[PDB]
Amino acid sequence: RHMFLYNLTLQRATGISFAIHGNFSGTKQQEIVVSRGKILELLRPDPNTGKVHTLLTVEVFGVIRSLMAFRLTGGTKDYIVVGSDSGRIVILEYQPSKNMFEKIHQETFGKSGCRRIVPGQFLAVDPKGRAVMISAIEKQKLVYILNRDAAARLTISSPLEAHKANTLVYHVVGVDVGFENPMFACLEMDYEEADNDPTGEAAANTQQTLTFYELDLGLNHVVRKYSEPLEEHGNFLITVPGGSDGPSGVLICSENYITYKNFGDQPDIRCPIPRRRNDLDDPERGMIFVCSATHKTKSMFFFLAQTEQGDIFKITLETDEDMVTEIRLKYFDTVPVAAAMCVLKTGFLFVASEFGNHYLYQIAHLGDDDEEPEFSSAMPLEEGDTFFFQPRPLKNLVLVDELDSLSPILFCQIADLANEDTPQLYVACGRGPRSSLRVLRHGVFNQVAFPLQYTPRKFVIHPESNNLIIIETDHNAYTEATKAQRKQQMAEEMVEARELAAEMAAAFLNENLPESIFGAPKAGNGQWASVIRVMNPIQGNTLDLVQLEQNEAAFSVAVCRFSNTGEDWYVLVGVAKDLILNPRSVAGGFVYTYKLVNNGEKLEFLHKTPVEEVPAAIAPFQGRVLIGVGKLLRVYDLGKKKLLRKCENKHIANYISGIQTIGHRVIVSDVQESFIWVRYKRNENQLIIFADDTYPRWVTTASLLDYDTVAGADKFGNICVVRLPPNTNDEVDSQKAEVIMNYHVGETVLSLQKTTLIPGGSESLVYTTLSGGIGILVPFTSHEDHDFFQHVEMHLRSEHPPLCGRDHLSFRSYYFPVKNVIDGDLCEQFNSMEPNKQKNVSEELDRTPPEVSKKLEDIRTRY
């Protein structure tokens, strides 16, 4: 009856949100600290072999919102400052002897959560390590002063308030003022006037401001010294070296521009961001940067700025007499869009992609010698004219290591398609051209990747042929036909308005940029690209493919049979037309009925069925299909020219996102309200709602554990288990389910499946993670083990508290109080404690530390 679950991560998250480089070992070697989400990891790149090694990984049980490194004066090792979702700021030091993160300081200032006015989102440190600053997106900002004592141990002071009401923050970064009073540049915007202007004038008249906060050490207080508006709204900042090397001023990245600005008489030197020659992207779309990097040397310094299209440019500042007159930008080769870049000494570059696998490149030539053009802020240009660039393959950099990342996982099916005993995980993940379907085995996980055209959304398995039917849909994208058409149009107006341009256009047409590395053609608010694909699991082959129109977007797919027509199979795909996300507006949808012949290898188009809204869910149902179109749940039967409805329920709350059937109980998932239990009364052909939930939930996936119990996942990283009352009549309505399980994983789950991973063994509930992780929930066998693990949880919650000041019980109950789940990821940290703590906790548990270790390992064997 009672469901008691135990949570264990099998494959940790692989996506990266933040990355920093520094001398964390305290030696001449450089390491990289990365934030996977709720996990903090340390990596050591070997300059000899050119490969990245993982040295330490720690579950912090929180949300890392900002990460940075700093070093004191004359120090020989960099510390790690972490901005978390607790009301606390933490400073840590890595000790290589114990291979642990030693929490050196932890100071409290506010409440927990990713709050609006509580600092944590932004972190900025003074380049000399004298002080650090934590900041929220609104109003509040705090500054801490760092120093050392007699024993050379880091010390932190009380906070210094630097708040300013009705103010937003786009980014904060510390200015290298040498050894003057430390200063922090902030991108802000005041909304007080926009809120009180009922006409909308003040909304557009308000402009982004760059402000400077100075920290008077002698007077020991923070003050807003200067604040200058900017014509162009900027996304983030870059600190350029100051004092002995370079001027102090900041660099602002904006839409289509990059500006150097400095306090004092320094004029603003702004240079337009280069574009691309004959860009396939929409002309109306702007262009911004996504990340930056800084590399200093005894001689010169430079910057690396990447654009939305993955173009990395090298930026050098030409300064004359404590004044900068020129900003120079040169094309560096192109890599996938990253979230952070790290230029290391010993000549290597780390690219942590926002989605997909990560890369470690080796530098070969910095780009000074080659003939490729160079662009400066002083070159004359008409206002509309911009610089123009043509991308080329990697010449300056060479790939020396590729690190596999399963982020972002959008679908997973666990099954033994390859005739084996242990099943495999079939994972549709990746994004855009970098999408991939991967087969994962174990015997740590082992992966095999097959590339895909567009972002996979759903995939089904054909029972007879064991072949996958995948749908790949992307927004703001072109299809093959429209790509070729637009390329031909650009060539046609290239000829008009010499006549070597005909040869140049022929060269442009005969050149097809690999969309994987140079990006996919991105153009359009409501333009969609959709592809149906058939693929064999064993080999990376694609048996067949179908392309759909430029405004047709697939969101549902199913392989089924019909009683109307024998044992021949059929494939139904749900498509939307003219879907606008924000604000929402859709013309209608279509249901593609395909016959699928040649024992699961080729799709034969049968017919297209118009429908009022997007078909978001399609599930077979005893010789018929159950299709969800908006708030309408219909049962459809195969016709000769159309899909004809037999019964329809209209009273669904908002929008059907998924339906699963057990017997004659259908479990509709709604986007905001959760789980509606409807009953198909065979007699009379009526769909009657008999149950729903008392809580709203943003359902992503679902899974049925029995005839009365359902397991679901939130968009907000939650998992729940809801079960119906035992005495329930499907003809009596207003029955409400009880929530028997609630848990917060810290990551968003998009696939839940009940399975037995090891032949033999035991059942479990495996979930996937949008940030690229795999976890399992295992039920308990005896309640004495339940009490044991609950006491382990209680003791580790107070003796090994989370690394970033979060309360574990508070964290795991982020949106709903925890109910009947044990955190095994926390329990397994028993072996990462100190000997005295392990001894005392084991004595409290009335057994030995090795006994507790074996008891923990037995569950990692029973999975």
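Numbering starts at 1 and runs along the sequence shown.
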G760 to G761: deposited residues not modelled, binned count -> none
Per the record, the count of deposited residues between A165 and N166 that have no coordinates is none
Once average C-alpha B-factors are taken from the entry for 8-16 and 839-847, the winner is 839-847
Higher of the two mean Cα B-factors (349-357, 504-512; per PDB record) comes from 504-512
Residue set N729, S407, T700, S86, per-entry CA B-factor max assigned to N729
From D714, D401, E738, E102, the top C-alpha temperature factor is at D401
By the entry's values, the third containing the CA B factor of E31 is the middle
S810: CA B-factor among chain residues, third -> lowest
On the chain's distribution of Cα B-factors, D195 falls within the third called middle
On the chain's distribution of Cα B-factors, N598 falls within the third called highest
By the entry's values, the third containing the CA B factor of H791 is the middle
